[PDB]
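Q: Provided below: structure23.cif, containing mmCIF, N, CA and C atoms.
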```
data_final
loop_
_atom_site.label_atom_id
_atom_site.label_comp_id
_atom_site.auth_asym_id
_atom_site.auth_seq_id
_atom_site.Cartn_x
_atom_site.Cartn_y
_atom_site.Cartn_z
N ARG J 4 76.73 -5.18 26.08
CA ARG J 4 75.54 -5.62 26.83
C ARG J 4 75.74 -5.34 28.31
N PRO J 5 74.66 -5.25 29.14
CA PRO J 5 74.89 -5.08 30.57
C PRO J 5 75.72 -6.22 31.17
N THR J 6 76.42 -5.95 32.25
CA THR J 6 77.24 -6.93 32.95
C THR J 6 76.32 -8.09 33.41
N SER J 7 75.20 -7.71 34.01
CA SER J 7 74.26 -8.65 34.61
C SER J 7 72.90 -7.97 34.71
N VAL J 8 71.79 -8.74 34.63
CA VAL J 8 70.43 -8.22 34.82
C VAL J 8 69.85 -9.04 35.95
N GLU J 9 69.52 -8.40 37.08
CA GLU J 9 69.02 -9.09 38.25
C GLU J 9 67.63 -9.68 38.00
N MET J 10 67.40 -10.89 38.51
CA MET J 10 66.09 -11.53 38.34
C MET J 10 65.10 -10.83 39.22
N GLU J 11 63.88 -10.67 38.72
CA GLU J 11 62.85 -10.00 39.50
C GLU J 11 62.03 -11.05 40.23
N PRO J 12 61.77 -10.89 41.54
CA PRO J 12 60.93 -11.88 42.24
C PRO J 12 59.45 -11.79 41.86
N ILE J 13 58.79 -12.95 41.82
CA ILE J 13 57.35 -13.07 41.63
C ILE J 13 56.83 -13.46 43.00
N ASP J 14 55.93 -12.69 43.57
CA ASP J 14 55.51 -13.01 44.94
C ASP J 14 54.29 -13.87 45.05
N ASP J 15 53.38 -13.84 44.06
CA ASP J 15 52.17 -14.64 44.16
C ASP J 15 51.50 -14.79 42.80
N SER J 16 50.34 -15.47 42.75
CA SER J 16 49.59 -15.71 41.53
C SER J 16 49.06 -14.42 40.92
N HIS J 17 48.73 -13.43 41.76
CA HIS J 17 48.30 -12.15 41.21
C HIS J 17 49.40 -11.57 40.31
N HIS J 18 50.63 -11.56 40.83
CA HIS J 18 51.75 -11.01 40.11
C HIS J 18 52.04 -11.84 38.86
N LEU J 19 52.04 -13.19 39.00
CA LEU J 19 52.28 -14.01 37.82
C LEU J 19 51.28 -13.76 36.72
N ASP J 20 49.99 -13.73 37.04
CA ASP J 20 49.00 -13.53 35.97
C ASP J 20 49.10 -12.16 35.33
N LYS J 21 49.50 -11.13 36.09
CA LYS J 21 49.70 -9.82 35.46
C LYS J 21 50.93 -9.85 34.51
N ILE J 22 52.02 -10.45 34.98
CA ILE J 22 53.22 -10.61 34.16
C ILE J 22 52.89 -11.37 32.90
N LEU J 23 52.10 -12.44 33.01
CA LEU J 23 51.80 -13.25 31.84
C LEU J 23 50.94 -12.47 30.84
N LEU J 24 49.99 -11.68 31.34
CA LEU J 24 49.17 -10.84 30.46
C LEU J 24 50.05 -9.88 29.71
N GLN J 25 50.92 -9.15 30.42
CA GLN J 25 51.76 -8.18 29.74
C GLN J 25 52.71 -8.81 28.76
N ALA J 26 53.29 -9.95 29.12
CA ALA J 26 54.22 -10.61 28.23
C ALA J 26 53.52 -11.12 26.98
N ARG J 27 52.29 -11.62 27.09
CA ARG J 27 51.61 -12.09 25.88
C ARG J 27 51.19 -10.93 24.99
N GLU J 28 50.89 -9.76 25.57
CA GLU J 28 50.61 -8.57 24.75
C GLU J 28 51.88 -8.15 23.97
N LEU J 29 53.08 -8.41 24.52
CA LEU J 29 54.33 -8.09 23.84
C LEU J 29 54.87 -9.23 22.99
N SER J 30 54.14 -10.36 22.91
CA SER J 30 54.52 -11.56 22.20
C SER J 30 55.86 -12.06 22.70
N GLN J 31 56.11 -11.96 24.02
CA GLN J 31 57.38 -12.41 24.60
C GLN J 31 57.18 -13.58 25.51
N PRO J 32 58.17 -14.47 25.59
CA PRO J 32 58.15 -15.48 26.65
C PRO J 32 58.68 -14.82 27.93
N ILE J 33 58.57 -15.52 29.06
CA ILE J 33 59.25 -15.12 30.28
C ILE J 33 59.99 -16.35 30.77
N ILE J 34 60.98 -16.12 31.62
CA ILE J 34 61.69 -17.20 32.30
C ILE J 34 61.36 -17.09 33.77
N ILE J 35 61.04 -18.21 34.42
CA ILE J 35 60.87 -18.24 35.86
C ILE J 35 61.87 -19.24 36.43
N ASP J 36 62.70 -18.79 37.32
CA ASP J 36 63.65 -19.63 38.06
C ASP J 36 63.00 -19.94 39.42
N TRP J 37 62.48 -21.17 39.59
CA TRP J 37 61.87 -21.61 40.84
C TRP J 37 63.00 -22.11 41.70
N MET J 38 63.23 -21.47 42.81
CA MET J 38 64.41 -21.69 43.62
C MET J 38 64.09 -21.58 45.11
N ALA J 39 65.13 -21.66 45.96
CA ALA J 39 64.96 -21.47 47.40
C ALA J 39 66.23 -20.80 47.94
N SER J 40 66.09 -19.93 48.93
CA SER J 40 67.24 -19.19 49.50
C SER J 40 68.31 -20.08 50.11
N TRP J 41 67.93 -21.25 50.58
CA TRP J 41 68.84 -22.23 51.19
C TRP J 41 69.51 -23.19 50.18
N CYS J 42 69.05 -23.17 48.94
CA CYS J 42 69.43 -24.09 47.88
C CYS J 42 70.76 -23.64 47.26
N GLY J 43 71.86 -24.31 47.63
CA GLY J 43 73.19 -23.99 47.10
C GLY J 43 73.23 -23.98 45.58
N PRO J 44 72.78 -25.06 44.93
CA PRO J 44 72.79 -25.10 43.46
C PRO J 44 71.99 -23.93 42.87
N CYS J 45 70.91 -23.51 43.54
CA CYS J 45 70.13 -22.36 43.04
C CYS J 45 70.99 -21.10 43.02
N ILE J 46 71.63 -20.83 44.15
CA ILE J 46 72.44 -19.61 44.30
C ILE J 46 73.64 -19.66 43.37
N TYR J 47 74.27 -20.84 43.22
CA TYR J 47 75.40 -20.96 42.29
C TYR J 47 75.00 -20.73 40.83
N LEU J 48 73.74 -21.00 40.46
CA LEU J 48 73.27 -20.77 39.11
C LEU J 48 72.91 -19.31 38.87
N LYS J 49 72.55 -18.58 39.93
CA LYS J 49 72.07 -17.21 39.79
C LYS J 49 72.98 -16.29 38.98
N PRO J 50 74.29 -16.20 39.24
CA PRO J 50 75.13 -15.28 38.43
C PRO J 50 75.10 -15.57 36.93
N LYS J 51 75.15 -16.84 36.56
CA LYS J 51 75.14 -17.22 35.15
C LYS J 51 73.75 -16.98 34.53
N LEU J 52 72.67 -17.16 35.31
CA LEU J 52 71.31 -16.85 34.82
C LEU J 52 71.15 -15.36 34.58
N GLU J 53 71.72 -14.55 35.48
CA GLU J 53 71.65 -13.09 35.36
C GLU J 53 72.57 -12.56 34.25
N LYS J 54 73.65 -13.29 33.90
CA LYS J 54 74.45 -12.96 32.72
C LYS J 54 73.64 -13.33 31.47
N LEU J 55 72.96 -14.50 31.48
CA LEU J 55 72.11 -14.85 30.35
C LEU J 55 70.96 -13.81 30.22
N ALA J 56 70.40 -13.33 31.33
CA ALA J 56 69.33 -12.33 31.30
C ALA J 56 69.83 -11.05 30.63
N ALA J 57 71.11 -10.72 30.84
CA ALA J 57 71.70 -9.54 30.17
C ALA J 57 71.79 -9.72 28.67
N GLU J 58 72.09 -10.95 28.20
CA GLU J 58 72.10 -11.24 26.76
C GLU J 58 70.70 -11.02 26.12
N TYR J 59 69.63 -11.15 26.92
CA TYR J 59 68.26 -11.01 26.46
C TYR J 59 67.62 -9.71 26.95
N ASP J 60 68.43 -8.71 27.35
CA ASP J 60 67.89 -7.45 27.86
C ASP J 60 66.95 -6.85 26.80
N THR J 61 65.77 -6.42 27.24
CA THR J 61 64.70 -5.84 26.39
C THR J 61 63.92 -6.87 25.53
N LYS J 62 64.27 -8.16 25.58
CA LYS J 62 63.62 -9.20 24.77
C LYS J 62 62.86 -10.23 25.60
N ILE J 63 63.44 -10.65 26.72
CA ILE J 63 62.82 -11.65 27.59
C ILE J 63 63.17 -11.25 28.99
N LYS J 64 62.17 -11.15 29.87
CA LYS J 64 62.43 -10.85 31.25
C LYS J 64 62.53 -12.15 32.02
N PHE J 65 63.49 -12.18 32.94
CA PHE J 65 63.78 -13.29 33.82
C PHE J 65 63.29 -12.98 35.23
N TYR J 66 62.57 -13.92 35.82
CA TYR J 66 62.02 -13.78 37.15
C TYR J 66 62.46 -14.94 38.02
N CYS J 67 62.36 -14.79 39.32
CA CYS J 67 62.61 -15.88 40.24
C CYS J 67 61.43 -16.01 41.21
N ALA J 68 61.19 -17.23 41.70
CA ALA J 68 60.11 -17.48 42.64
C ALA J 68 60.69 -18.37 43.72
N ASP J 69 60.67 -17.91 44.97
CA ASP J 69 61.23 -18.68 46.06
C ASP J 69 60.14 -19.65 46.53
N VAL J 70 60.34 -20.96 46.35
CA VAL J 70 59.32 -21.97 46.61
C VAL J 70 58.92 -22.10 48.06
N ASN J 71 59.72 -21.56 48.98
CA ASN J 71 59.38 -21.60 50.40
C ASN J 71 58.85 -20.24 50.90
N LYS J 72 58.79 -19.20 50.05
CA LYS J 72 58.30 -17.85 50.41
C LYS J 72 57.09 -17.39 49.59
N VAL J 73 56.63 -18.17 48.59
CA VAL J 73 55.47 -17.78 47.80
C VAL J 73 54.33 -18.72 48.19
N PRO J 74 53.07 -18.41 47.88
CA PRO J 74 52.00 -19.33 48.27
C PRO J 74 52.13 -20.73 47.66
N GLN J 75 51.77 -21.78 48.40
CA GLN J 75 51.85 -23.14 47.89
C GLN J 75 51.04 -23.35 46.61
N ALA J 76 49.86 -22.67 46.47
CA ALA J 76 49.03 -22.84 45.27
C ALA J 76 49.80 -22.37 44.03
N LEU J 77 50.71 -21.40 44.17
CA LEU J 77 51.55 -20.94 43.05
C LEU J 77 52.63 -22.00 42.74
N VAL J 78 53.29 -22.54 43.77
CA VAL J 78 54.30 -23.58 43.58
C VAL J 78 53.65 -24.80 42.88
N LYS J 79 52.46 -25.21 43.35
CA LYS J 79 51.76 -26.39 42.79
C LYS J 79 51.30 -26.14 41.35
N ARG J 80 50.98 -24.89 41.02
CA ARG J 80 50.62 -24.51 39.66
C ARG J 80 51.79 -24.72 38.71
N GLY J 81 53.01 -24.42 39.17
CA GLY J 81 54.20 -24.65 38.37
C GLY J 81 54.61 -26.11 38.30
N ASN J 82 53.98 -27.01 39.12
CA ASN J 82 54.27 -28.45 39.15
C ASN J 82 55.73 -28.63 39.56
N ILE J 83 56.16 -27.86 40.55
CA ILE J 83 57.56 -27.82 40.99
C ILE J 83 57.83 -28.83 42.06
N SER J 84 58.84 -29.65 41.83
CA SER J 84 59.31 -30.62 42.84
C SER J 84 60.82 -30.60 43.04
N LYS J 85 61.58 -29.92 42.15
CA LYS J 85 63.02 -29.86 42.22
C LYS J 85 63.44 -28.41 42.15
N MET J 86 64.59 -28.09 42.69
CA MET J 86 65.15 -26.76 42.56
C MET J 86 66.63 -26.80 42.23
N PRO J 87 67.08 -25.89 41.37
CA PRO J 87 66.27 -24.91 40.67
C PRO J 87 65.53 -25.56 39.50
N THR J 88 64.32 -25.09 39.20
CA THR J 88 63.57 -25.49 38.02
C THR J 88 63.38 -24.21 37.23
N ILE J 89 63.93 -24.16 35.99
CA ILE J 89 63.83 -22.96 35.17
C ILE J 89 62.80 -23.21 34.12
N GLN J 90 61.70 -22.46 34.12
CA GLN J 90 60.61 -22.67 33.18
C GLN J 90 60.47 -21.51 32.23
N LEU J 91 60.01 -21.83 31.02
CA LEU J 91 59.66 -20.82 30.05
C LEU J 91 58.16 -20.80 29.95
N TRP J 92 57.56 -19.61 30.08
CA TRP J 92 56.14 -19.45 29.94
C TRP J 92 55.87 -18.52 28.76
N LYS J 93 54.86 -18.86 27.99
CA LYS J 93 54.50 -18.07 26.82
C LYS J 93 52.99 -18.22 26.59
N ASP J 94 52.36 -17.18 26.07
CA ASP J 94 50.92 -17.20 25.81
C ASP J 94 50.13 -17.67 27.04
N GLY J 95 50.55 -17.18 28.19
CA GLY J 95 49.92 -17.45 29.46
C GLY J 95 50.12 -18.81 30.08
N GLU J 96 50.96 -19.68 29.49
CA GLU J 96 51.13 -21.03 30.03
C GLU J 96 52.57 -21.50 30.06
N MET J 97 52.79 -22.54 30.83
CA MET J 97 54.09 -23.16 31.00
C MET J 97 54.33 -23.96 29.74
N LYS J 98 55.41 -23.64 29.00
CA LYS J 98 55.74 -24.35 27.76
C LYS J 98 56.89 -25.32 27.88
N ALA J 99 57.88 -25.01 28.69
CA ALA J 99 59.08 -25.84 28.75
C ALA J 99 59.79 -25.65 30.05
N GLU J 100 60.68 -26.59 30.39
CA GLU J 100 61.46 -26.44 31.60
C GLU J 100 62.76 -27.15 31.53
N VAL J 101 63.71 -26.64 32.33
CA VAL J 101 65.03 -27.18 32.55
C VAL J 101 65.20 -27.38 34.05
N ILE J 102 65.62 -28.58 34.50
CA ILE J 102 65.96 -28.78 35.92
C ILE J 102 67.44 -28.52 36.06
N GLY J 103 67.82 -27.65 36.97
CA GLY J 103 69.21 -27.26 37.12
C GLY J 103 69.99 -28.04 38.14
N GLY J 104 69.85 -29.36 38.15
CA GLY J 104 70.58 -30.23 39.07
C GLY J 104 71.87 -30.81 38.51
N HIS J 105 72.53 -30.07 37.62
CA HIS J 105 73.80 -30.48 37.06
C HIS J 105 74.62 -29.22 36.81
N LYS J 106 75.77 -29.31 36.15
CA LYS J 106 76.70 -28.17 36.02
C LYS J 106 76.04 -26.90 35.51
N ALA J 107 76.26 -25.78 36.23
CA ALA J 107 75.59 -24.52 35.90
C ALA J 107 75.79 -24.04 34.49
N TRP J 108 77.04 -24.06 33.98
CA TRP J 108 77.24 -23.60 32.61
C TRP J 108 76.41 -24.39 31.60
N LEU J 109 76.23 -25.70 31.86
CA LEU J 109 75.47 -26.56 30.97
C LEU J 109 73.96 -26.28 31.08
N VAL J 110 73.51 -26.03 32.30
CA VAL J 110 72.13 -25.64 32.54
C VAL J 110 71.82 -24.35 31.77
N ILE J 111 72.75 -23.36 31.77
CA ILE J 111 72.51 -22.13 31.03
C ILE J 111 72.34 -22.38 29.54
N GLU J 112 73.19 -23.25 28.96
CA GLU J 112 73.06 -23.58 27.54
C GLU J 112 71.69 -24.18 27.26
N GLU J 113 71.19 -25.00 28.20
CA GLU J 113 69.88 -25.62 28.07
C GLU J 113 68.74 -24.60 28.16
N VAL J 114 68.91 -23.60 29.05
CA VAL J 114 67.92 -22.54 29.16
C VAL J 114 67.93 -21.72 27.85
N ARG J 115 69.11 -21.43 27.28
CA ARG J 115 69.13 -20.72 26.00
C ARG J 115 68.43 -21.54 24.89
N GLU J 116 68.66 -22.85 24.87
CA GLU J 116 68.02 -23.74 23.91
C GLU J 116 66.52 -23.67 24.07
N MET J 117 66.06 -23.66 25.32
CA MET J 117 64.63 -23.57 25.59
C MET J 117 64.09 -22.23 25.10
N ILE J 118 64.80 -21.13 25.38
CA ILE J 118 64.38 -19.81 24.91
C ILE J 118 64.25 -19.79 23.39
N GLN J 119 65.24 -20.32 22.68
CA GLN J 119 65.23 -20.23 21.23
C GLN J 119 64.13 -21.09 20.57
N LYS J 120 63.60 -22.08 21.30
CA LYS J 120 62.49 -22.90 20.86
C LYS J 120 61.13 -22.13 20.93
N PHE J 121 61.02 -21.07 21.77
CA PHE J 121 59.76 -20.35 21.99
C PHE J 121 59.79 -18.83 21.79
N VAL J 122 60.94 -18.21 21.55
CA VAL J 122 60.99 -16.77 21.35
C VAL J 122 60.33 -16.37 20.03
#
```
As structure tokens, what does this structure read like?
A:
Amino acid sequence: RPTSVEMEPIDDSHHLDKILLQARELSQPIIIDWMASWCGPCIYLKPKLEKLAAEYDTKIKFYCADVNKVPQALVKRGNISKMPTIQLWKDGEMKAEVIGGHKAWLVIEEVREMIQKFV
């Protein structure tokens, strides 16, 4: 498998709705990591999230959204209050989430559990 798959940034609602349309046409979920550039726990989770993204190469695309660099209406749509917040979206809507405010390796196991509930 690849060493790592870099998360793709989502810049606004236009981009999210296009991603969601394409993912539902492929019957795939997506992962969104809602994070911030200053957020230590966010950055510490990134390598393990990108290793998990490699395990799902060609099956589920992983994205990131910087809560202080994207429009507020997009952050409020995700109902985001903590970072990192890792959400699974499927069929155009938010289905599940993991808050990553605890040990990174454990958060990854939780994100995999969430993926396997909706893939």
Q: Would you return as a list in words the members of chain J that DSSP assigns to strand (DSSP E or B) on this structure's backbone?
A: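 So, restricting chain J to strand (DSSP E or B), we get residues 11, 12, 33, 34, 35, 36, 37, 38, 64, 65, 66, 67, 68, 69, 88, 89, 90, 91, 92, 93, 96, 97, 98, 99, 100, 101 and 102 of chain J.
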Q: Selection in question (the file shown): the PyMOL selection byres ((chain J and resi 27-44) around 5). Which residues does it include, as JSON, numbers by chain?
A: {"J": [23, 24, 25, 26, 45, 46, 47, 48, 64, 65, 66, 67, 68, 69, 70, 87, 88, 89, 90, 91, 92, 93]}
Q: What is the CA of residue 57 in chain J to atom N of residue 8 in chain J distance in Å?
A: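 Going from CA of residue 57 in chain J over to atom N of residue 8 in chain J covers 4.5 Å.
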Q: Name the residues of range 13-48 of chain J that fall into alpha helix (DSSP H) according to DSSP on the backbone, using the chain letters and numbers of this document, as a PyMOL selection string.
A: chain J and resi 16-28+43-48
Q: Using all atoms listed in the file, can you tell me which of J:55, J:122, J:99, J:77 comes closest to residue 6 in chain J?
A: J:55
Q: What is the atom C of residue 111 in chain J-atom C of residue 14 in chain J distance in Å, reported with one decimal?
A: 25.3 Å
Q: To one decimal place, how far is CA of residue 61 in chain J from atom C of residue 112 in chain J in Å?
A: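 One can read the CA of residue 61 in chain J to atom C of residue 112 in chain J distance as 19.6 Å.
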Q: Go through J:76, J:102, J:63, J:107 and flag the residue nearest residue 121 in chain J, using only C-alpha atoms for the distances.
A: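 Ranked by minimum distance to residue 121 in chain J, first place goes to J:63.
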Q: Could you list, as a list in words, every residue within 9 Å of residue 9 in chain J, counting only C-alpha atoms and ignoring same-chain residues fewer than 2 positions away?
A: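 The residues satisfying every condition are residues 7, 11, 49, 50, 52, 53, 54, 56, 57, 65 and 66 of chain J.
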Q: Between J:4, J:104, J:74, J:59, which one has atoms that come closest to residue 86 in chain J, using all atoms listed in the file?
A: J:104
Q: Check the smallest atom-to-atom distance from each of J:5, J:73, J:51, J:10 to residue 108 in chain J using all atoms listed in the file, then report the winner.
A: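 Closest to residue 108 in chain J of all the choices is J:51.
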Q: Using only C-alpha atoms, what residues lie at most 7 Å away from (49.5, -18.1, 32.0) (file coordinates), given as a PyMOL selection string?
A: chain J and resi 20+23+94-97
